[PDB]
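J.: One structure is given below, represented as structure tokens, and several questions about it will come after.
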RNA sequence: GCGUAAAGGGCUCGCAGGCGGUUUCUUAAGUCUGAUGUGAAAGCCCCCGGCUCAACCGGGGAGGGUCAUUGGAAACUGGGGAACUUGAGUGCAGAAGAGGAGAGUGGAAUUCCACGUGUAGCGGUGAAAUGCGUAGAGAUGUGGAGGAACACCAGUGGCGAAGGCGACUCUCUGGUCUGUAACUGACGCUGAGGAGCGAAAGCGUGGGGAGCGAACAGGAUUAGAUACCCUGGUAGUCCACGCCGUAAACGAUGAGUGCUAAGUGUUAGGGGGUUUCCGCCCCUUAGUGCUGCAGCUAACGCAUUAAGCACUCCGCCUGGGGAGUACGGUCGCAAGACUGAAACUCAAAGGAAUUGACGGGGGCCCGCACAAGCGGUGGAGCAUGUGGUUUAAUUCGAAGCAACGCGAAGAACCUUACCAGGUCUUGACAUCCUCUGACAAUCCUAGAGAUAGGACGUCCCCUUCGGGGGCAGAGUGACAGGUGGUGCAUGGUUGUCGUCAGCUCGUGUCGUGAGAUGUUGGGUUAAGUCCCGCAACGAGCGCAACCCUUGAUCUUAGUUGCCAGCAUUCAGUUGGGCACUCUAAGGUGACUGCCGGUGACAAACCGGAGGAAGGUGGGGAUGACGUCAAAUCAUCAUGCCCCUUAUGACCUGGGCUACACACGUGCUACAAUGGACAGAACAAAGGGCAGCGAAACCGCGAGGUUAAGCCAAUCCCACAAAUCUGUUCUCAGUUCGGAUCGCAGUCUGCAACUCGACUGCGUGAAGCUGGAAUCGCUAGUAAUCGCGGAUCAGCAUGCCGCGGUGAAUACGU
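The structure is reproduced here in structure tokens:
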């Protein structure tokens, strides 16, 4: 029985360590600090869809370089909400963290925003074939080597085993030098927690040196 | 409609009946048409009118007959007469056969008998036994008797209506086909009843009984053997005379006739092309076998021997069970045969084809699977988990591998859910409304404690008063809670099948379809790996590689690490040095690269050099769609149900550790390759600031004291142990082994009695290599000797890594 973290399988060999920091006589305040800031943007992203939240430890000041799909949706009205939740995070963890911003375009190349946004886009009464084919057409048509999205579990109520992993194109699932983006989310409708998991293997980088 | 679904009669001969070659004259009996009669009304239909329309009524029509009487046509069926010849028959000449009936004869072989020869077994089987044999068997030699069947020719050969028919000869007899073509002139085809034949089993009588052989006897195999097997053995098989009249009586296909692609056999003939011959070849019949066009079909398949295409006639079929049963008849000596229902009940039986599964079916292959060796387990004491029994509770979860040294990477209290007791009910944790306050702390008492009372105590960062702001308290319900139930509501996650090599799709084609094809065939690999053919062409996940580690180096770079080359000591320790070792970055290096071949050239495969390393170098990470409603609501989250002044919350003590018993995985032993000591030598890896702890002294001892140093390639943990050199134990429950249990200490903690370990003295169970059975293992492997670490105050015989000693075997499927 196998299944593997694609996002942890390729991490550190071709993928990047999403949490950077020095370490450290006290790794505990770093670990819980990064989890708590990950839930800080996690709570502050009910409608922004920040597809990654990198925080950097910088000698008594965090550099929480929060990425975002749309810039001004979390970037505030020209500096209002970003300074507000930023300073509020400064009095939320204890370190005055000058949180930067990021503009993630190409939503078919963003894993958690496109898949999780497909899931909440399914939570509004959207069907399994309509949600999966619709995400395969928007993000599946957006440009990538292959995106395969499936919403596995409760959908339709009874006889709960439902695995429609509808997705096409090539997939470096076992190609260890592929560097695919593959993260899932969890939608919680009225029938039950019937979440979705999809990855979009955009393309590998050829190894070289000089 | 009838080859396989229900349905071809077992087969023939025939009366009645049903159907019938071509020409020609008549006939109207059918066939068809015209005229009259009659088929009443009401009704159906068409066309109008009347009740406001409609239903309805009325009027006007139509249509309805093997209908009569009667007039025509003569094409077709028929009546009658004349004809003709291929149909069918006779003739003439050929050919052929296990066609039949009766009689006679012949061998090969078995049994039995008589006698010679000879000894101790013969026989049978999977292995044996029953049985036979010293009373002379088997075998072998000779001779005799009797029955039954005829080997070789012999063959999807021949003949027959079918069942069937085989040594050879004779009598009597039927039939088939060929050939011209003398005659006859449709004299034919089918045919319900009726008649007749019909394997083998049976049935009656009388013969015959050599082999075979139900029932029966014995022995074997099995838990059982009224069976399979073996040794015997009655009826029967054989004959003649009579009855039986069933079969998968099969080609599961009734008979007759006409037509419709082809090839290739094979008998029985004929004509012929040259051929004395012979022989080849064509044409031709008749019969029979294969391969196939059209066509048929549900598919398999049939296909000039149709299941095609049409005609004649007979028989059979109307879902399955009930049930070919009952009842009634006919026949039978019987056994039974023919004929042959029903009540109830069910929505399926059934035919073909596909996908998968199965197989104690076959084929090919692989893997510690088996074989080959090593070392174990199951035997002993102990450690842990499970079952069970107990309990107030022995918390919940896992139950074939995949449950059992599992969650547990740590149970004295906490853990903890479970028990007993004392408590509180917006509550231990959170948001919200109001409301006061900065909150709280610090001691005392009572209590084992949670708590309850005091005294001591607290009494803001920002406005210009309204504040803002957490904190705490209260009300106050919205709420909060559940390690409750549902892993068959779930997400997430994880095992195994398994690193085994598969698992699918787009397009195309086939096939009415499901499906298939690719993916199969040929090799080759560990591989659906690669190559080549292929009605397929492509791609996806898998395989591989990419990643890390591991043995070879280069280059960079030398500090705490390394010390050659110099001085230096107890000490790389210290001026010195960066050669070597080592450290982590970039690379390089191995990819069938190269050579000899093998091989359908290709794929791969055998062998060799060279190199540190050779045919995926060694190892790790990586686990395909799917299976198991497999594991988890108790890591977490989550649909529903249920509890809530208690299934919630707080505290003390207990339990999770109990114990007639069975297991599961490991430890330590049973011992001389050993046991005790003395001395010496060899590692690698990781951790260490809430920490490691040097040296010094103290204590046998476990450890205590203080304290340099180390935020660590420097210092500490640290000394490795198995191993080597001497003393000695000497075969025994012991100078082996070690529990149990007692006294006596240390360390950890709020506290070691349930329940931490270690040490001292004493004690010295059981064990002398462990049953049926079962396990892991392909070389730095098994096995074995030690070290470090996660949990963690303490708590390892587990778990995860680390190094040391260093094997045997793989014949083969």
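In the working numbering, the protein residues as written are -5 to 204. Just so it is clear, CB atoms sit at the ideal spot from N, CA and C, and this is done for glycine as well.
Pairs of beta-carbons, one from the region 135 to 144 and one from the region 93 to 107, closer than 8 Å: are there three or more?
T.: Yes, the region 135 to 144 touches the region 93 to 107.
J.: What does residue 159 pair with, by DSSP beta-bridge criteria?
T.: DSSP lists 144 as partners of residue 159.
J.: Do residue 40 and residue 107 count as a contact pair if the criterion is CB distance below 9 Å?
T.: Cβ atoms of residue 107 and residue 40: not closer than 9 Å.
J.: Could you tell me which residues DSSP puts in a beta bridge with residue 82?
T.: Partner(s): none; residue 82 has no beta bridge.
J.: What do you get for residue 201, buried or exposed, if any count of 16 or more other CB atoms within 10 angstroms of its CB means buried?
T.: Exposed, since its Cβ has fewer than 16 Cβ neighbours within 10 Å.
J.: Is it right to say residue 182 is buried, meaning 16 or more other beta carbons lie within 10 angstroms of its own, or is it exposed?
T.: Classification of residue 182: exposed, given that the 10 Å Cβ count is below 16.
J.: Could you check what DSSP says for residue 54 in three-state terms: helix, strand or coil?
T.: Coil, per DSSP.
J.: Looking at residue 8 and residue 60, is the spacing between their C-beta atoms short of 9 Å?
T.: Going by C-beta atoms, residue 60 is not nearer than 9 Å to residue 8.
J.: Take residue 46 and list the residues in its own chain whose beta-carbon comes closer than 7 Å to its own, dropping the five residues that flank it on each side.
T.: Once the five neighbours on either side are set aside, the close Cβ partners of residue 46 are 12 and 61.
J.: When burial is assigned at 16 or more other CB atoms within 10 Å of the CB, is residue 185 buried or exposed?
T.: Classification for residue 185: exposed.
J.: Which same chain residues end up closer than 8 Å to residue 164 when comparing Cβ atoms and leaving out the 5 residues on each side of it in sequence?
T.: Contacts found: 139, 140 and 195.
J.: Does the region 157 to 177 come close enough to the region -1 to 8 to have 3 or more Cβ pairs within less than 8 Å?
T.: Cβ pair count under 8 Å is three or more, so yes.
J.: Assuming contact is defined by CB atoms lying nearer than 9 Å, are residue 192 and residue 142 in contact in what I supplied?
T.: Yes; because the gap between Cβ atoms is below 9 Å, this pair is in contact.
J.: How is residue 8 classed by DSSP in three states: helix, strand or coil?
T.: Coil at residue 8, not helix or strand.
J.: Using the rule of at least 16 other Cβ atoms within 10 Å of the residue's Cβ for burial, across every protein chain shown, is residue 34 buried or exposed?
T.: Classification of residue 34: buried, given that the 10 Å Cβ count is 16 or more.
J.: Thinking C-beta only, is residue 14 closer than 9 Å to residue 212?
T.: What is shown of the chain runs -5 to 204, which leaves residue 212 out entirely.
J.: Between residue 179 and residue 109, which are expected to be in contact by the criterion C-beta below 8 Å, what is the C-beta distance as a whole number of angstroms?
T.: Confirmed, Cβ separation roughly 6 Å.
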